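Have a look below at one chain only, the form deposited in one PDB entry, in structure tokens format.
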């Protein structure tokens, strides 16, 4: 595949939130978001697609980041170069596990931290997948509404802010099916 725009929303200053159907690895935004864990394990669904696309270049960048950063703190966001990928940078986030205490709040928090990091690097665009709803077990709709809520909230409260466009990237048929059905 593949690229379809499914929904577009105006954020607080008219910045655009686009929900799109695509493989996130194929998106050429300034940043793409990789949901990972404290050890930067590259074995979630999105991690596997980034590794498929970027190969060794991608993996060694993640390793170098783990060595420089140390373990990724709860809800933490960190950035590596997008070697092997269309995206300029990869923002790595410590994705909460469904069922862990305060897991919804932490999902919101991690999203905002990814946005702050992109802003700190003066990035114009950032692509999020449905963080938490793969290997970490969130229900797809719950994950998606938390992420979209957290992006909107960021832009209401952030004065500015270099981000022009936010992509919310859906790939699995269940997520797409529920997004479209329930909207």
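Residue numbers count along the first chain shown, from 1. Between two forms, the rigid core is defined as the largest C-alpha subset superposing within 1.5 Å.
Heads up, the form deposited in another entry isn't pictured, but that's what we're talking about next.
Next item on the list: Using a rigid core alignment, state whether the CA of residue 57 is displaced by 2 Å or more between the shown form and the other one.
Entry: Yes.
Checklist line | Rigid core superposed: residue 78 CA moves 2 Å or more between the shown form and the other one | finding: It does not reach a 2 Å shift.
Checklist line | Closer or farther in that other deposited form: C-alpha pair residue 143, residue 53 (3 angstroms or more) | finding: Relative to this form, farther apart in that other deposited form.
Notebook entry, point to check: Which way does the C-alpha gap of residue 135 and residue 53 go in that other deposited form, closer or farther, given it changes by 3 angstroms or more?
Noted result: Note: Cα gap between residue 135 and residue 53 widens in that other deposited form.
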